[PDB]
Structures are given as structure tokens and as C-alpha cells.
Amino acid sequence: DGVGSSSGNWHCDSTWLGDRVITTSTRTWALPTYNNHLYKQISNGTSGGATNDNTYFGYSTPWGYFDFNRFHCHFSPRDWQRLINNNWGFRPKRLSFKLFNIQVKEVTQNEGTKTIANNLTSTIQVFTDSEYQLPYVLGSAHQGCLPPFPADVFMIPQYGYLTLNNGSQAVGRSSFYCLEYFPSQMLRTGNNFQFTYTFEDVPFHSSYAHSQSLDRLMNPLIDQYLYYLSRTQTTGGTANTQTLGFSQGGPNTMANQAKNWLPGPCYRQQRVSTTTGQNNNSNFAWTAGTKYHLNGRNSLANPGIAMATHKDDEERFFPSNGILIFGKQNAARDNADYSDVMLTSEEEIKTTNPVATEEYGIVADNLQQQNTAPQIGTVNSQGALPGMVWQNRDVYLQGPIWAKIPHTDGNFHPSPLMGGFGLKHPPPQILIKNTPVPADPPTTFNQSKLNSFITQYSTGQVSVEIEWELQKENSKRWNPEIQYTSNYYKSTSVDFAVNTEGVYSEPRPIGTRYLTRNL
Amino acid sequence: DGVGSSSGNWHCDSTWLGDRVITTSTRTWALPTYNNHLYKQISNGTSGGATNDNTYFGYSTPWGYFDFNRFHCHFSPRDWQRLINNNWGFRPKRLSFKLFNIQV
Amino acid sequence: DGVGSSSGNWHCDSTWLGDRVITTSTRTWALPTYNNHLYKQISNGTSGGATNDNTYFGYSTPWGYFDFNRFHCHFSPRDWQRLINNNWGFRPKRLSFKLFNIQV
Amino acid sequence: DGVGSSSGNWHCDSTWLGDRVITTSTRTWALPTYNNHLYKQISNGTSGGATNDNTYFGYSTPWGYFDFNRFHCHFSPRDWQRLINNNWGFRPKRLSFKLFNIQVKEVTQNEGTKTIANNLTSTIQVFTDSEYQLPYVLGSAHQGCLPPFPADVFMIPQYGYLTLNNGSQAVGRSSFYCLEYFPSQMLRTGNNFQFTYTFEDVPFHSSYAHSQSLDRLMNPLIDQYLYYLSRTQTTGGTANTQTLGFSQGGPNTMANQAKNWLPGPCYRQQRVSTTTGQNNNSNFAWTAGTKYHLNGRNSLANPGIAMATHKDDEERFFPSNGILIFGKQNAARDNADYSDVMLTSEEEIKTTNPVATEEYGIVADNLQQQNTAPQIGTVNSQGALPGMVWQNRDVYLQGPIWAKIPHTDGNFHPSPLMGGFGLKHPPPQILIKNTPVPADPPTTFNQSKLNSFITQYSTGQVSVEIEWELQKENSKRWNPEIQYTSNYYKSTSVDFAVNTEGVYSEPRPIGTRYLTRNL
Ligand code: NA
Ligand code: NA
């Protein structure tokens with residue numbers, strides 16, 4: 001381990017071995033000094049115009065962190081295509097992480113003149129929250145992950161966290177965490193860091209779409225032996241009185257047939273069209289938003305439980321806050337136009353999951369008698385019911401991979417709503433920080449903590465290797481399947497490539513459900 | 001032991017084992033040149049307004065020194081709470097000290 | 001086992017061993033004759049003012065029963081404090097029950 | 001272990017073996033039901049006429065306890081005489097305790113007619129506070145110890161204790177103890193109990209008087225080589241001016257001689273004569289009492305540090321609260337007459353310890369000059385000084401044996417002031433209680449704790465055997481020693497024997513210091 005010796009090589013590749021695929025990606029990173037080496041209490045109350053739904057109390061820290069919770073951090077577009085076009089499923093098995101070729105640079109600023117040089121003896125500090133003692137900030141769809149394109153140099157995100165709050169104030173249970181309290185490895189140029197991790201057992205992601213629907217599992221050609229109430233009143237003319245008539249469900253009465261299952265849970269969202277002219281002329285994104293109520297404040301149930309984005313022929317419709325939406329390259333942070341973002345679609349699950357913008361179904365609302373007509377009620381919120389079956393939200397090339405399951409007494413189907421794998425012991429948080437280097441101190445002793453430091457930052461490479469287990473497709477479907485494919489005809493540029501300006505871009509969201517499977 | 005190699009890691013932690021608790025803390029320090037590298041006779045007599053109760057004779061040296069004779073140098077607030085809320089007593093047994101990642 | 005010999009001692013205590021705590025409590029009890037040694041059908045219908053939400057049918061028996069389904073049956077206030085101030089969790093593992101020094 | 005079988009024999013004896021003496025005594029006891037089987041908060045504040053110096057907060061318990069912390073519980077008068085007339089010292093080594101021949105009786109009360117019968121199936125509970133977790137109530141000179149006379153049946157004392165208080169109220173640190181929280185042995189008639197204990201290493205008690213005094217250790221016949229300032233002014237007539245004259249201490253100037261030691265510490269007490277006519281005519285027992293000030297309240301330093309009761313020829317004088325005082329048989333509890341009590345005397349220690357009613361000595365009080373005569377100050381309170389030597393208070397046949405040293409960070413010469421051996425781990429407290437036996441309960445369930453119990457009490461024997469180590473006398477004194485002796489001439493009764501009424505009595509206090517020893 002010396003100044004003149006590399007401490008690691010560039011490992012970027014993918015190998016397919018059978019029921020496994022191993023991805024490996026390396027990137028060059030840059031880490032500045034955050035918070036001026038300080039920890040700062042940050043808060044936001046209800047003063048000014050800040051609403052109560054957005055209050056918070058927490059801290060910003062001088063630390064940065066590595067994040068690769070995004071599929072494109074590991075799969076190239078072509079690899080993603082190889083995965084989704086041929087496998088009914090897949091899942092993470094184990095990973096290796098490495099930090100190397102570290103270099104700490106210090107910048108001198110005198111008379112407009114700026115010079116940067118190495119500080120051969122400075123160190124960075126690194127450690128993993130292997131015992132999950134820090135607030136788990138990963139799994140919240142934050143920016144700062146390794147770039148999709150291998151040639152892009154990225155900046156390391158700053159670590160910050162939240163605790164309990166009451167307005168802009170802290171409460172008795174509010175917790176303060178000092179990351180310097182943890183043992184951490186100190187590396188100088190020449191030193192490297194690495195660790196291994198094994199994923200817990202988790203189900204394969206459903207990278208397939210159903211080629212059958214819950215309400216169409218019977219034999220088209222045979223009647224049931226079971227009967228259903230088919231008539232409640234006579235029909236012979238005008239002397240119509242009450243009676244009781246029963247019939248057997250059959251090919252023409254599939255909606256009446258007795259069935260064994262029920263569609264998945266529902267939490268109805270407001271519908272909105274991509275054809276603005278068809279929408280009400282008001283600003284309802286928030287006022288008509290589907291939300292949950294937690295201790296006084298409201299949050300969008302975004303994207304909320306997995307529901308079909310729209311029913312047959314209505315591609316223009318989508319749940320106001322019930323789908324993942326990515327931005328196109330350079331889309332504005334605020335009020336970006338529809339043509340600057342990319343809406344995803346969980347259309348593939350219409351097959352088992354209720355459509356996100358409609359009722360779950362209908363229930364009786366009273367007791368009918370001869371003097372009281374029967375009444376019905378529309379169900380727009382339907383929790384788990386015995387016999388329900390459903391699918392989870394799909395995952396995307398540019399979407400999240402996993403999330404830490406909250407440590408609670410209970411929960412229900414812990415599949416992270418934004419999509420992905422829910423893990424009790426997810427990949428550990430990897431914290432990194434440039435060690436503060438005092439600028440000359442006074443010549444006579446003083447109690448005060450130093451606050452004058454040499455200006456510096458660090459850079460180096462990072463590698464992440466993940467082994468994935470594949471669940472091969474075993475279909476007897478005779479006719480060809482749907483497959484993700486590149487466009488055929490000429491185009492100004494190549495999809496999933498760089499610009500004349502060297503800018504890489506992801507033209508569209510790529511899901512995972514192309515192959516089909518029976519129910 | 002080289003220019004490009006760290007000579008120690010950051011050890012800051014606490015472990016409770018039964019009738020023992022081990023504290024470990026690391027800090028970053030800075031040391032200036034003191035007394036211009038000199039030893040100086042320093043004194044204070046009874047002239048001016050200086051009272052006799054405060055007279056003294058000694059020396060200032062070009063040296064610095066490490067001091068961790070203060071409980072919070074070892075126990076975090078929470079650890080101190082764990083200690084005082086559950087034990088009738090405690091006492092120091094042994095220690096390890098280390099200086100590393102030195103840069104002039 | 002004789003008239004003049006105790007058939008058990010008073011065990012009331014608590015011991016903390018690490019990831020375990022063993023509670024032990026003894027009490028003196030009294031048992032009368034219930035229901036005049038009889039089993040009786042007991043019922044409550046919707047007559048008088050008794051609402052339907054409270055109707056019931058069952059039996060009262062000549063038997064008594066032991067119950068210690070209440071944490072204070074095992075933890076003293078101080079022990080409860082030792083438990084809740086230092087542990088993220090706890091749970092029951094096994095138990096021993098004993099009846100002795102019986103006198104009719 | 002049966003109803004018809006004794007569970008122990010009567011062991012009362014003494015055997016002398018050399019440097020050891022083993023005492024053994026058995027007594028018959030009776031234990032009633034205390035506090036109606038209840039624990040009760042007891043308090044005493046500053047209301048009515050109750051002074052602040054006497055406030056307190058604590059609890060009375062349903063338990064009784066065994067106490068044998070009194071030498072006459074083990075030594076007969078003759079044995080005590082054998083001990084003190086022949087040994088320079090002695091100390092406790094180990095003990096055995098036993099409870100047996102237990103019988104629980106229940107009393108029926110109907111129409112003035114009272115009958116008592118056995119309750120063959122009832123139990124008593126016994127246990128030792130072997131880990132010193134309960135307030136140590138022994139060592140406070142309380143009544144209730146085994147009787148001096150073997151034939152006397154005694155009643156077991158009730159256990160109660162005190163915690164912190166503020167007036168008649170408790171405070172945050174006040175502790176409540178439940179003795180049923182402790183494991184305890186349950187015995188029916190037929191069962192027995194016993195335990196063993198070993199005394200910690202402790203110095204031999206000084207059962208001797210010094211035949212030399214601190215200020216008379218030199219050779220009567222030789223001068224010192226050392227000099228002392230003997231003259232400060234000339235003497236030749238009236239032209240007397242200052243000068244400096246020095247001399248050598250010698251046989252006629254022993255008070256001036258240089259010496260190596262200093263008399264023991266001092267805490268001056270007010271003197272009082274047994275000839276009432278010589279005392280001031282006022283009620284000064286409390287107002288002139290020697291006391292210590294602890295958190296707002298005052299206590300008599302009684303008897304306080306060990307000091308000689310009186311100097312030569314003043315047997316009639318004694319410290320108002322600086323000596324142990326026992327009562328004669330049947331002396332009233334309150335305002336007993338002088339002729340009804342027995343004052344002890346620590347006269348034997350005049351030899352090293354200051355007299356309790358005089359100064360420790362004299363010190364300079366200023367800086368003398370030619371224009372300022374020297375001044376002196378009388379010292380009435382003198383704490384430990386390098387070079388001091390002293391003796392402890394003597395112990396008495398009817399006095400206490402040991403006391404538990406308070407659990408504190410520090411202390412000084414932990415010899416219990418009332419006299420005896422100070423132990424960090426003294427004999428454990430032995431608690432005993434009759435188990436409550438419900439009288440018939442109601443026939444239909446009720447939440448309330450039972451409060452109706454069968455009336456009963458218990459009785460049985462108790463044995464205590466203690467082994468004492470003796471320090472034999474090794475004197476070369478030619479002439480006979482002083483010895484405790486029975487009176488020679490006729491008397492109405494025999495000292496240390498019973499009455500025509502069968503009442504045993506101890507005519508006088510018997511100390512321990514008869515043999516002599518050089519310094
Ligand atoms: Na493409
Ligand atoms: Na006598």
C-alpha cells in the first residue's frame with residue numbers, strides 16, 4: 001500500500017452463468033467537505049407559509065454515504081433487456097463492495113489564483129452501519145446513487161436524518177446521533193476498503209405478466225353444478241310479483257359464476273388524463289390527492305398500494321399519485337412539463353389488482369323488504385379479505401431495488417410500495433467522510449474547538465458486485481411473447497447512449513413484465 | 001509505516017460485558033509550536049496589585065500534553081446514564097493509549 | 001409428607017443473569033366452598049331491563065382456579081423499573097408452579 | 001421430623017479449652033402476631049409538641065427478630081469473671097444458631113371463656129438477611145435480646161425500620177422493604193432451622209487497664225539530652241528583662257520533658273456530680289448536652305468518643321451523656337432515680353484518653369511581641385493528631401457485643417462508640433414470623449385482601465453457640481493484680497441470683513479491665 005501503487009482495478013462487467021448473473025460496476029466519485037465539518041440541528045416549523053404537513057426536526061452531518069439502490073447502477077440497458085426478456089423472476093443473493101485509489105486534494109486560494117494539490121498524508125474515514133444503529137436513509141428514492149453511465153463522475157450525497165418533532169421543536173424522545181461515535185477505517189492514498197454482504201431469503205420478483213384474469217379461470221365450455229339466485233320477480237307481463245329463480249353459471253354468465261378468489265386490496269386514487277382538456281379546470285393535485293393521516297399531518301399515499309394504472313383502452317388515464325414518475329434528462333426540478341417526465345404504468349396487473357381509479361366493488365347497504373327496495377354502497381377503500389390475491393408494483397431499470405422493512409411489531413406484505421425487495425437486514429449504509437485537517441492553530445492555548453481548516457476534498461473509485469439468482473421461464477405458450485425491443489427505424493440519436501454533447505440519457509422507463517404466466 | 005499508509009483507525013465505542021464496560025474514544029488534535037521552542041522562567045510577585053496569596057515561580061515549556069481526566073472523555077451521555085442508573089459503583093481497571101495518523 | 005412437616009418453603013425473589021431474569025413469588029391463599037359444592041346453570045335473558053347485548057348462558061362450578069396473568073404477580077416495582085429502563089424487549093420462557101403447606 | 005418428636009435438645013454450657021472458650025445458651029421464646037399481620041407506615045413530625053430533632057419516617061412490620069448482641073446472652077456471671085480475671089483480651093470467632101421444638105398455638109375466645117390449643121399444621125417463617133439487604137436494626141442497644149437468666153421465657157421483639165424523612169413526610173429516596181420478598185424457610189411443629197457464621201478478623205478487645213500513663217514513660221533517674229525553653233526573662237531583682245534560658249528535662253521536670261506521643265482525641269462533655277447539691281440548679285441535661293448536628297437535627301453524642309469518666313479522686317463526677325448507664329431490676333422507664341440505675345465508668349483509661357469533662361490542652365492564640373503579652377486558648381474539641389494513642393470504651397457483661405460498620409466511603413477507627421466490635425459483615429439479622437392463617441372467607445368471591453385471621457402465636461427454643469478466642473496474659477508484674485470478686489460478708493440475697501419472688505437481677509455493671517499491662 002503505497003503512494004505510487006494503485007489499490008484496485010476497474011471492474012465493470014456482467015457474466016451470465018445459468019440461474020445466476022453477476023453484475024459488476026465501478027465509478028469515480030468526489031466527496032467535498034460537508035457542513036464545514038459540523039453537525040447541525042435543522043428544523044422546519046409552521047411559521048411563514050410552511051404547512052404543518054411538512055414540519056420536521058433532525059440533523060445534517062459532515063458525512064457522505066454510498067448508494068447503489070437503483071437497478072441501473074448494476075445493469076446496463078442491454079443486460080436489463082437480457083434479464084426481462086427471458087426470466088420469470090430474479091433476486092439479489094450477495095454483494096461485494098470496494099473503495100480504492102483514494103486521493104485527497106487540498107485547494108489553496110490566494111488572489112483570485114486557485115491551485116489544487118495532493119495532500120499525501122490526509123485520510124478519509126469509512127464504515128458500515130452493520131448493526132443498523134443509524135437512521136436508515138437509503139430506500140427513500142434519493143438522488144446521489146452511482147450513475148447509470150460508467151463514464152460519469154458523481155458527487156457523494158450528504159448524510160442527514162430526522163427524529164421526532166412537534167412543529168419545529170424536538171421532543172423528549174428525539175434522538176441525536178454522532179457518526180464519529182462508531183469505529184471507522186481510516187485510509188490514506190494507498191489504503192483501500194471492502195466488505196461482503198449476503199442478502200436474506202426473499203421471493204423472486206415477478207418479472208412477468210399474467211395471461212389470465214382472476215374472473216376468467218373457468219372452463220369456457222362447461223356449466224357449473226352450483227346455482228346462483230338468478231331471478232327475484234316474475235316476468236310474464238304486468239302481474240309481476242316476487243318469486244325465486246335459480247340458475248347455473250355457464251359460458252354466457254361468467255360474471256355470475258361462483259369463484260374461489262377476490263381481487264387484491266384497494267385504496268382509490270383520483271384519475272387524471274394526459275389530455276389536459278379532459279381534466280377539471282382547478283388545481284387538485286393536493287386537494288384531491290389520496291393521502292394517509294399520521295399524528296396530525298397528511299402525506300400522499302405515493303404511489304401507495306399496487307393497483308392497475310388504467311383499464312382497457314385508457315392509456316391516457318393515471319392515478320394522480322399512484323405511479324412512479326421519472327424525469328427525462330434535464331427535466332426541471334419544479335413544475336416540469338408533462339413532456340419532460342416519463343410516467344410508468346402498472347397496467348400489467350389489471351389481471352388481479354383493482355384499477356387504481358375505480359371502486360373495489362359493491363356491497364349491500366341495507367335490509368330489503370317488500371316495502372323497502374335494496375340499496376347498495378360503492379367500496380373505494382378495501383383492506384385485506386380472505387381469498388384475495390394480488391401482484392406487487394413492478395421494478396424499473398431506473399427504479400429502486402430494496403428498502404429496509406421498518407422495525408415494528410407487525411406489518412402486512414412488506415414489499416416496499418415504491419417497488420422492490422423488502423429486507424429486514426438490507427445492505428448496510430456505507431458512510432464516508434474526509435477527516436478534518438486543522439489549519440495552523442494559535443500559538444497560545446485556547447479552549448475553543450478549532451474552526452479553521454485546510455480546504456480539501458477527496459476522490460477515488462468505488463466497486464459494487466452483486467450476484468443475482470434467476471428463475472428461468474418454463475412456458476408452454478405456443479405463440480411468441482411480448483418483448484422489450486429497440487426501435488427499428490432511423491433516429492437522430494441512439495436510445496440509451498450519449499449526446500453530441502456527451503450527455504447520457506434514459507429515453508424511457510423500462511419495466512420487467514414481458515413474458516407471461518398463467519394464474 | 002509509510003507516507004501513504006494510515007497508522008491507525010478510528011476507534012470510538014463502548015461495550016458492556018457484565019461486571020465490565022469498556023469505553024473507547026478517538027479525537028483529532030492540533031499541536032502548535034509553544035514558547036517559540038523555548039523554556040521560559042515565569043514568575044509573579046507582590047508588585048503592582050498582585051497579592052501575596054498569588055505569588056509563584058516556575059517555567060513554561062515548549063511541550064504539550066495529553067489529558068483525558070474527565071469522565072465525558074470516555075462516556076457518552078447515554079452511556080453515563082446506563083452506568084449511573086444501574087450500578088452501585090464502578091472503577092478504572094486498565095487503559096490503552098495511542099497516537100497515530102500524524103501529519104506535520 | 002406428614003402433619004407436622006412443611007411441604008415447601010417461601011420462595012420470593014428475583015435474579016438477573018444476563019439475557020435472563022428469573023422471578024419467583026409466593027403468596028398465601030384461601031379457598032372457600034363455592035356454589036355449595038354444586039354446579040349451577042346460570043343465565044341472563046332479555047326480560048326486565050336486561051338488554052340483548054348482555055344475554056348469556058353458562059354454568060358456575062364448585063371449583064376455584066389460580067391466576068397469575070398480571071405482571072405485578074411476578075415483578076416488584078423496582079424490578080419492573082430495572083426491566084423497562086434497560087431492555088428493548090423481553091418474553092416468557094418457562095415456569096414452575098407449586099401448591100404446598102395445605103391446611104383444611 | 002414429626003409431631004411427636006423433639007427437633008432439638010437444650011444446649012446450655014461453657015467449655016474452656018486453652019486459647020478458646022465456647023459458650024452455648026438456649027432459651028424458650030414466644031412470638032405473637034405483630035401489626036395484625038400488616039405493614040404500617042409510621043411517622044412522627046413537628047406537630048403538637050414533637051421537636052424537629054425527633055422527626056422520623058419508617059415502617060413497622062409483621063415480623064419479629066432474634067437478638068443476642070449482649071454479652072450476658074452467652075456468659076454467665078461466673079464465666080464472665082473467669083474471662084476478665086485471666087485474659088488480656090478476647091474476641092468472637094464463629095457461631096451456630098438453631099430454632100427448634102416449635103409449636104404454634106391458636107386461641108379461641110367465646111363468652112369470656114378463653115381456650116388455647118395446638119394448630120399442628122400451622123407454620124412460622126424464618127430467614128437470615130445474609131446479604132445485608134434490610135436495614136440493620138441490631139446494634140442500637142434495643143431490648144428483646146435473649147435473657148441473662150436461662151430459665152426466663154422471653155418475648156420476641158418486633159422488627160421495624162427507618163428511612164429518610166422531611167418532617168413527618170417521606171422523600172424521593174425513602175425506601176420501603178417487604179420481608180415477604182425474601183426466600184424464607186417455613187417450619188411446622190417438627191421442623192427446625194439452623195445456620196453457621198464466621199466472624200471476620202477483628203482485634204482482641206482490651207480487657208486490661210494500663211499500669212502506666214502516657215506522660216510517665218521515661219526513666220525516673222536520667223536526664224534527657226534534649227533541652228527545652230525554660231526561661232524567658234531574667235530573675236536577679238527588679239531590672240528584669242527578656243532573655244533566653246534552656247534546660248534539660250529530668251526527674252523533677254517530667255511535665256517539661258520531650259515526649260513521643262499525645263493523648264487520644266477529645267469532645268468535652270459537661271460534668272455532673274452524683275451529689276445533687278453540687279450541681280447547678282437548672283434542667284441542663286439537654287441544653288448543656290454534648291451533641292452532633294446532622295441535617296437540621298441534633299443528637300446527643302451519647303456516649304460519644306471514649307474518654308475517662310473522671311480524674312483522680314472524683315468518682316462522684318461523670319459526663320452528662322458520656323457513659324453507659326444500665327437500670328437496676330425494675331427501674332422505671334422514665335425519670336428513674338439515681339438509686340435505680342447503675343453508672344459505668346471508663347476511669348481505667350485516664351491513662352491515655354483525656355478526661356471527658358475537661359480540656360484536651362492549651363494552644364497559642366496570638367503572636368507575642370515586646371508590646372503584646374502571649375495569649376492562650378483552651379481546646380475542648382480535638383480531632384485526630386499525629387502521635388495520638390487511645391483506648392476504646394470497655395464492654396460490659398450486660399453491654400452490647402458488636403455493631404455493623406456503616407457502609408460508607410470512609411470512617412475513622414470503626415469501633416462502635418457504645419462499645420464492642422465493629423464488623424463489616426456482622427452476624428446476620430434473623431427474622432421470624434407466624435404465617436397468617438385465614439379465618440373462614442366469604443362464600444362468594446371478593447377482590448379485597450382477607451383481614452379476618454385465626455388468632456395464634458408461637459413458641460419454641462433457640463440456641464446460640466459462640467466460640468471465642470482468648471489472648472492469655474503474659475505479665476511479669478510481681479505484686480497481685482486487681483480482680484473482680486464477690487462480696488465476702490453476709491447479705492440478704494446472693495448477687496446475680498434470683499429473688500424470693502424468682503426474679504433474676506444484675507446488681508452491678510461488670511467491666512472487663514482488671515489485669516494490667518504496660519504501655
Ligand atoms: Na432501446
Ligand atoms: Na458478685
# chains A, B, ... in the order shown; residues from 1 in each chain; ligands from 1
$ residues_around --residues "residue B:91" --least-positions-apart "5" --cutoff "12 Å" --atoms "only C-alpha atoms" --output "PyMOL selection string"
chain B and resi 19-22+71+83
$ write_last_selection --atoms "N, CA and C atoms" --output "CSV table (one decimal), in the first residue's frame"
chain,number,residue,atom,x,y,z
B,19,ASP,N,-19.7,-7.4,34.4
B,19,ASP,CA,-19.3,-6.6,35.5
B,19,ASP,C,-18.2,-5.6,35.0
B,20,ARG,N,-18.2,-5.5,33.6
B,20,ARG,CA,-17.2,-4.6,33.0
B,20,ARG,C,-17.9,-3.8,31.9
B,21,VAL,N,-17.3,-2.7,31.6
B,21,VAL,CA,-17.7,-1.8,30.5
B,21,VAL,C,-16.4,-1.2,29.9
B,22,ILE,N,-16.2,-1.3,28.6
B,22,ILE,CA,-15.0,-0.8,28.0
B,22,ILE,C,-15.4,0.4,27.1
B,71,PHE,N,-14.6,12.5,32.9
B,71,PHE,CA,-15.4,11.4,32.5
B,71,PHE,C,-16.0,11.5,31.1
B,83,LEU,N,-24.7,3.7,33.1
B,83,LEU,CA,-23.8,3.4,34.3
B,83,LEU,C,-24.5,3.8,35.6
$ residues_near_ligand --ligand "ligand 2" --cutoff "12 Å" --atoms "only C-alpha atoms and all ligand atoms" --output "PyMOL selection string"
chain D and resi 76-81+483-489+491+493-497+505-510
$ residues_around --residues "residue A:301" --least-positions-apart "4" --cutoff "7 Å" --atoms "only C-alpha atoms" --output "list in words"
residues 290, 291 and 292 of chain A
$ select_by_dssp --residues "stretch 66-242 of chain D" --states "strand (DSSP E)" --output "ChimeraX atom specification"
/D:66,87-110,113-118,124-128,154-155,158-163,185-187,193-198,209-210,227-233,242
$ closest_residue --among "B:55, B:23, B:76, B:28" --to "residue B:9" --atoms "only C-alpha atoms"
B:28
